[PDB]
Amino acid sequence: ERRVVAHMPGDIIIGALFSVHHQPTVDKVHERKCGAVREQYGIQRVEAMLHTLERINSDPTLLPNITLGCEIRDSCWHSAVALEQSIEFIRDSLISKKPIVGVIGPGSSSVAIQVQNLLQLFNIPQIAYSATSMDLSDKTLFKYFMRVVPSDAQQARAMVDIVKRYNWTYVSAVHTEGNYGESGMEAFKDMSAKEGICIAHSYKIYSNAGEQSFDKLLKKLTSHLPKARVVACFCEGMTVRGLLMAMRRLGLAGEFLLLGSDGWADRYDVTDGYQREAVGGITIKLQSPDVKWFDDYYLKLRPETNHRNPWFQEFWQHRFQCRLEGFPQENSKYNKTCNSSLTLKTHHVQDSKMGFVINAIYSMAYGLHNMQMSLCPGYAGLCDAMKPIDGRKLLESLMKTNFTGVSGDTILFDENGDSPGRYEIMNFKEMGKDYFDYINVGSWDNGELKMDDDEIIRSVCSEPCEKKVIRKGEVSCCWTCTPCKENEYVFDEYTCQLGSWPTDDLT
Amino acid sequence: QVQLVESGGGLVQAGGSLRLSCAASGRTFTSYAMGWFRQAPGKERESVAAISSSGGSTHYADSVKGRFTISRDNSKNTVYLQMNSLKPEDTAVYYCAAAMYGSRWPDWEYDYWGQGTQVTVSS
Ligand SMILES: *[C@@H]1O[C@H](CO[C@@H]2O[C@@H](C)[C@@H](O)[C@@H](O)[C@@H]2O)[C@@H](O[C@@H]2O[C@H](CO)[C@@H](O)[C@H](O)[C@H]2NC(C)=O)[C@H](O)[C@H]1NC(C)=O
Ligand SMILES: *[C@@H]1O[C@H](CO)[C@@H](O)[C@H](O)[C@H]1NC(C)=O
């Protein structure tokens, strides 16, 4: 109700949804009154939208003589608010200013699905930067959805490769109840089973389950302890933290190695307070290095000179808990006035996903550029072929789109509009006495695994045989070494002529 | 686009009181700070009063402090200028303006203007 927009004029207008405010509380969810202003997921992504469009307009190589504008709306990280604002996007399209050509975001995969179900109807291509659900890969259900992030399937794939490179052929599995945990754990099960890796037993739990529940989970994990020591955890951070708290409660710290998903990448809010339990853990962290020019632009911003971000003044007065004296959006209830010495440089922390926001914006730009070159060959600008822009053709060109990203990464979409994954493998090492910190140990680039080795742990069910493998009603990795007859030769690992005698190798 | 429409002006005997109303169109009103202006013939336009988007933060020019009070009803999308102790040197067309960004008043970036209502202060 009663929402402002951040707009910028241009020949082509690109929409975007960012959670500039927290989602409503359960009382005010029906009134859709959102919470406080958000800096990293909000203000910074908004300013990045604006300044990246500035840069692309100033780029002569990319869309020459074509200006890109934008309509930026507040999603509140909530599906009701997001659907509201997307209806506001297609408002003008219904009656038949400057309709929306594409949309950037939103953040949550569920909210992204809700927005996609509406955007697909009016053939509006959507490019997301943090929604990683595998559900979004089905292009019969989400035809105009594309993302510049790898799906959770890539996290499962990278963990399977990590398990391969350390001969961890028998491991336990825990995942968090929900879309993330179950989708990722199913992908892990499939990929590890195809690679000859066995699961002792798979478990599932919510982060909010009691100390009761995590104690039961840790005891059941101990049930497998002699053989399966590595616990592949496709888990959001608080599940890992609960396992660490259970390891504290039972005194079982350091009898397992946890293989964490991106839900616990280098998040200190998970290991803080229980570092000693978590030491030795290996995690996956989505690689996204900081963008320098965004800091250059953003840190210079003053509320007196920001004449295009409507939320920037409540943001400023909430950041330094002061009162902008005599300003249009001056807020009372602050007990001090804002100094001219206040700067955003003070305790600055760039958004973790900034590179992905910027790459989604560049994806939209390069798609428009390639469409322009295919429909208006001899032109430098919009010809009548792109008046108006056919969302079908824009999707067709975006699926073909391919650039070099903000950090040098070549950005590219597969037949499902999915982007390849580059994560960095972290180790939560003990850095001396009473200091614990995450350490970059490796890199996983779209299947190519490189690890800065010698930084062991054995998790196998059975040892290799000498001269055949035979299995009971149990799993393929748990075998018994049964010898063969004197006239028999080893055909293969699992299964065992006249005038000849078995060779000295028993081949 | 937002529309601003003034009303309440007319002829008023000096030393009297007069209340100007500014009605806005659109549900964005609660997001705009408001300012009153006045243009007298042969004189440059001056700022009279201003109020922030939330209300509860009012600013007045030195020539009208202690006589005018600016207010706003957000449930009605209306701004109000109560003018007391009217002097003949107040006779002018009063305008209503909406601004969203800007520095300390009167240095605001006014995005929308009204048509204006005449206030004639007879002696
Ligand atoms: C991926 O794209 C490149 C070129 O796309 C460019 O990417 C950026 C780095 C930037 O330079 C933009 O202008 C472009 O969008 C493809 O390289 C082309 O390869 C052909 C040969 O097949 C060659 O003739 C062209 O000159 C190359 N283009 C350039 C700009 O040098 C590359 O083949 C694409 N790869 C895939 C797998 O799609
Ligand atoms: C845009 O076109 C004009 C000619 O109309 C040309 O002078 C100018 O260089 C072009 N700009 C770019 C960035 O190509």
# chains A, B, ... in the order shown; residues from 1 in each chain; ligands from 1

$ residues_near_ligand --ligand "ligand 2" --cutoff "7 Å" --atoms "only C-alpha atoms and all ligand atoms" --output "VMD selection string"
chain A and resid 60 64 to 65 380

$ write_last_selection --atoms "N, CA, C and O atoms" --output "short mmCIF file (atom, residue, chain, number, x, y, z; two decimals), in the first residue's frame"
data_model
loop_
_atom_site.label_atom_id
_atom_site.label_comp_id
_atom_site.auth_asym_id
_atom_site.auth_seq_id
_atom_site.Cartn_x
_atom_site.Cartn_y
_atom_site.Cartn_z
N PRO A 60 30.09 2.90 -25.34
CA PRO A 60 29.76 2.99 -26.77
C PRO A 60 29.72 1.63 -27.46
O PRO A 60 29.03 1.47 -28.47
N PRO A 64 24.92 1.30 -28.55
CA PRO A 64 25.19 2.69 -28.93
C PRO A 64 23.93 3.38 -29.41
O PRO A 64 23.11 2.80 -30.13
N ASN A 65 23.76 4.64 -29.00
CA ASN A 65 22.61 5.46 -29.36
C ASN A 65 21.29 4.86 -28.88
O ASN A 65 20.23 5.15 -29.44
N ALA A 380 21.80 2.20 -35.88
CA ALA A 380 22.39 2.40 -34.56
C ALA A 380 21.30 3.04 -33.71
O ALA A 380 21.24 4.26 -33.56
#

$ residues_near_ligand --ligand "ligand 1" --cutoff "12 Å" --atoms "only C-alpha atoms and all ligand atoms" --output "PyMOL selection string"
chain A and resi 59-63+362-371+373+397-414

$ closest_atom_pairs --of "chain A" --to "chain B" --cutoff "8 Å" --atoms "only C-alpha atoms" --output "tab-separated table"
residue	atom	partner	partner_atom	distance
A:2	CA	B:27	CA	5.8
A:3	CA	B:28	CA	7.1
A:4	CA	B:28	CA	6.9
A:303	CA	B:103	CA	7.7
A:304	CA	B:103	CA	4.9
A:305	CA	B:102	CA	7.5
A:306	CA	B:101	CA	7.7
A:307	CA	B:101	CA	5.6
A:308	CA	B:101	CA	7.9
A:310	CA	B:100	CA	7.4
A:325	CA	B:104	CA	6.4
A:326	CA	B:104	CA	4.3
A:327	CA	B:104	CA	5.0
A:328	CA	B:33	CA	5.0
A:329	CA	B:53	CA	5.5
A:330	CA	B:52	CA	6.2
A:331	CA	B:54	CA	7.0
A:332	CA	B:56	CA	7.1

$ residues_around --residues "residue 7 of chain B" --least-positions-apart "6" --cutoff "10 Å" --atoms "only C-alpha atoms" --output "number ranges by chain"
B: 19-23, 80, 94-95, 115-118

$ residues_around --residues "residue 3 of chain B" --least-positions-apart "4" --cutoff "8 Å" --atoms "only C-alpha atoms" --output "list in words"
residues 24, 25, 26, 112, 113 and 114 of chain B

$ atom_distance --atom1 "atom CA of residue 215 of chain A" --atom2 "atom CA of residue 249 of chain A"
7.9 Å

$ closest_residue --among "A:169, A:313, A:287, A:137" --to "residue 232 of chain A" --atoms "only C-alpha atoms"
A:169

$ residues_around --residues "segment 276-280 of chain A" --least-positions-apart "2" --cutoff "8 Å" --atoms "only C-alpha atoms" --output "PyMOL selection string"
chain A and resi 244+247-248+253-254+257-258+271+274+282+427-430+436

$ atom_distance --atom1 "atom CA of residue 109 of chain A" --atom2 "atom CA of residue 177 of chain A"
15.7 Å

$ atom_distance --atom1 "atom CA of residue 124 of chain A" --atom2 "atom CA of residue 390 of chain A"
9.0 Å

$ residues_around --residues "residue 93 of chain B" --least-positions-apart "3" --cutoff "10 Å" --atoms "only C-alpha atoms" --output "list in words"
residues 9, 10, 37, 38, 39, 40, 41, 45, 90, 115, 116, 117, 118, 119 and 120 of chain B

$ select_by_dssp --residues "segment 6-200 of chain A" --states "strand (DSSP E)" --output "ChimeraX atom specification"
/A:6-8,12-18,68-74,100-104,126-128,145-147,170-176,198-200

$ residues_around --residues "residue 467 of chain A" --least-positions-apart "4" --cutoff "8 Å" --atoms "only C-alpha atoms" --output "list in words"
residues 483, 484, 490 and 506 of chain A

$ select_by_dssp --residues "segment 233-456 of chain A" --states "helix (DSSP H, G or I)" --output "ChimeraX atom specification"
/A:237-250,262-264,268-271,275-278,292-299,312-319,354-375,384-386,391-399

$ decode --residues "segment 79-106 of chain B" --atoms "N, CA, C and O atoms" --output "JSON list (two decimals), in the first residue's frame"
[["chain", "number", "residue", "atom", "x", "y", "z"],
["B", 79, "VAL", "N", -2.98, 19.58, 2.36],
["B", 79, "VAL", "CA", -2.09, 20.45, 3.11],
["B", 79, "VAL", "C", -2.88, 21.71, 3.45],
["B", 79, "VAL", "O", -3.79, 22.11, 2.72],
["B", 80, "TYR", "N", -2.53, 22.33, 4.57],
["B", 80, "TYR", "CA", -3.26, 23.49, 5.05],
["B", 80, "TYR", "C", -2.29, 24.58, 5.47],
["B", 80, "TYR", "O", -1.28, 24.31, 6.12],
["B", 81, "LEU", "N", -2.61, 25.81, 5.09],
["B", 81, "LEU", "CA", -1.88, 27.00, 5.54],
["B", 81, "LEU", "C", -2.86, 27.90, 6.26],
["B", 81, "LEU", "O", -3.74, 28.50, 5.63],
["B", 82, "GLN", "N", -2.75, 27.98, 7.59],
["B", 82, "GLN", "CA", -3.56, 28.89, 8.38],
["B", 82, "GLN", "C", -2.83, 30.21, 8.51],
["B", 82, "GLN", "O", -1.71, 30.26, 9.03],
["B", 83, "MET", "N", -3.45, 31.29, 8.03],
["B", 83, "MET", "CA", -2.84, 32.60, 7.95],
["B", 83, "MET", "C", -3.58, 33.52, 8.90],
["B", 83, "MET", "O", -4.79, 33.76, 8.74],
["B", 84, "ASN", "N", -2.87, 34.03, 9.90],
["B", 84, "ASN", "CA", -3.45, 34.90, 10.92],
["B", 84, "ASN", "C", -2.71, 36.23, 10.92],
["B", 84, "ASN", "O", -1.54, 36.32, 10.53],
["B", 85, "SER", "N", -3.42, 37.28, 11.36],
["B", 85, "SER", "CA", -2.86, 38.63, 11.42],
["B", 85, "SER", "C", -2.44, 39.11, 10.04],
["B", 85, "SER", "O", -1.34, 39.64, 9.84],
["B", 86, "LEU", "N", -3.33, 38.92, 9.06],
["B", 86, "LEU", "CA", -3.01, 39.23, 7.67],
["B", 86, "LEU", "C", -2.76, 40.72, 7.48],
["B", 86, "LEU", "O", -3.61, 41.55, 7.82],
["B", 87, "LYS", "N", -1.60, 41.05, 6.93],
["B", 87, "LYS", "CA", -1.07, 42.35, 6.56],
["B", 87, "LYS", "C", -1.28, 42.59, 5.07],
["B", 87, "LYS", "O", -1.29, 41.65, 4.28],
["B", 88, "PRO", "N", -1.46, 43.85, 4.66],
["B", 88, "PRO", "CA", -1.66, 44.12, 3.22],
["B", 88, "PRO", "C", -0.50, 43.65, 2.36],
["B", 88, "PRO", "O", -0.71, 43.33, 1.18],
["B", 89, "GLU", "N", 0.71, 43.60, 2.90],
["B", 89, "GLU", "CA", 1.87, 43.09, 2.18],
["B", 89, "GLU", "C", 1.89, 41.57, 2.06],
["B", 89, "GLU", "O", 2.91, 41.00, 1.65],
["B", 90, "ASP", "N", 0.79, 40.90, 2.42],
["B", 90, "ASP", "CA", 0.62, 39.47, 2.15],
["B", 90, "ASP", "C", -0.15, 39.20, 0.87],
["B", 90, "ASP", "O", -0.21, 38.04, 0.45],
["B", 91, "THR", "N", -0.74, 40.22, 0.25],
["B", 91, "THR", "CA", -1.58, 40.04, -0.92],
["B", 91, "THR", "C", -0.79, 39.45, -2.08],
["B", 91, "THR", "O", 0.13, 40.10, -2.60],
["B", 92, "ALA", "N", -1.15, 38.25, -2.51],
["B", 92, "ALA", "CA", -0.42, 37.55, -3.56],
["B", 92, "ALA", "C", -1.18, 36.29, -3.95],
["B", 92, "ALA", "O", -2.17, 35.91, -3.32],
["B", 93, "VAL", "N", -0.69, 35.64, -5.00],
["B", 93, "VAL", "CA", -1.19, 34.32, -5.41],
["B", 93, "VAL", "C", -0.37, 33.28, -4.66],
["B", 93, "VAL", "O", 0.85, 33.20, -4.84],
["B", 94, "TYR", "N", -1.03, 32.48, -3.82],
["B", 94, "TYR", "CA", -0.33, 31.45, -3.08],
["B", 94, "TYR", "C", -0.39, 30.12, -3.84],
["B", 94, "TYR", "O", -1.47, 29.70, -4.28],
["B", 95, "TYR", "N", 0.77, 29.50, -3.98],
["B", 95, "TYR", "CA", 0.98, 28.27, -4.72],
["B", 95, "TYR", "C", 1.34, 27.14, -3.77],
["B", 95, "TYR", "O", 1.85, 27.35, -2.67],
["B", 96, "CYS", "N", 1.09, 25.91, -4.23],
["B", 96, "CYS", "CA", 1.32, 24.70, -3.46],
["B", 96, "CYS", "C", 2.25, 23.80, -4.26],
["B", 96, "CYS", "O", 2.02, 23.57, -5.45],
["B", 97, "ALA", "N", 3.30, 23.28, -3.61],
["B", 97, "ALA", "CA", 4.31, 22.54, -4.34],
["B", 97, "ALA", "C", 4.71, 21.28, -3.58],
["B", 97, "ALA", "O", 4.83, 21.30, -2.35],
["B", 98, "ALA", "N", 4.92, 20.21, -4.33],
["B", 98, "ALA", "CA", 5.33, 18.92, -3.80],
["B", 98, "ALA", "C", 6.76, 18.63, -4.23],
["B", 98, "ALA", "O", 7.10, 18.77, -5.41],
["B", 99, "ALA", "N", 7.59, 18.21, -3.26],
["B", 99, "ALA", "CA", 9.00, 17.91, -3.46],
["B", 99, "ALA", "C", 9.34, 16.62, -2.73],
["B", 99, "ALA", "O", 8.82, 16.36, -1.65],
["B", 100, "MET", "N", 10.23, 15.82, -3.32],
["B", 100, "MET", "CA", 10.62, 14.55, -2.72],
["B", 100, "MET", "C", 12.07, 14.52, -2.24],
["B", 100, "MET", "O", 12.33, 13.96, -1.17],
["B", 101, "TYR", "N", 13.01, 15.08, -2.99],
["B", 101, "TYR", "CA", 14.40, 15.16, -2.55],
["B", 101, "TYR", "C", 14.82, 16.61, -2.40],
["B", 101, "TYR", "O", 14.14, 17.53, -2.87],
["B", 102, "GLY", "N", 15.93, 16.81, -1.72],
["B", 102, "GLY", "CA", 16.47, 18.14, -1.50],
["B", 102, "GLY", "C", 17.24, 18.20, -0.20],
["B", 102, "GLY", "O", 17.22, 17.29, 0.61],
["B", 103, "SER", "N", 17.94, 19.32, -0.03],
["B", 103, "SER", "CA", 18.72, 19.61, 1.17],
["B", 103, "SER", "C", 17.85, 20.37, 2.17],
["B", 103, "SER", "O", 16.62, 20.34, 2.09],
["B", 104, "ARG", "N", 18.48, 21.01, 3.16],
["B", 104, "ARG", "CA", 17.74, 21.81, 4.13],
["B", 104, "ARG", "C", 16.90, 22.88, 3.43],
["B", 104, "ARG", "O", 17.35, 23.52, 2.47],
["B", 105, "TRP", "N", 15.68, 23.06, 3.93],
["B", 105, "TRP", "CA", 14.75, 24.04, 3.37],
["B", 105, "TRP", "C", 15.36, 25.44, 3.42],
["B", 105, "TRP", "O", 16.13, 25.75, 4.34],
["B", 106, "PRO", "N", 15.03, 26.32, 2.45],
["B", 106, "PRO", "CA", 14.11, 26.22, 1.31],
["B", 106, "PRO", "C", 14.69, 25.51, 0.09],
["B", 106, "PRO", "O", 14.07, 25.55, -0.98]]
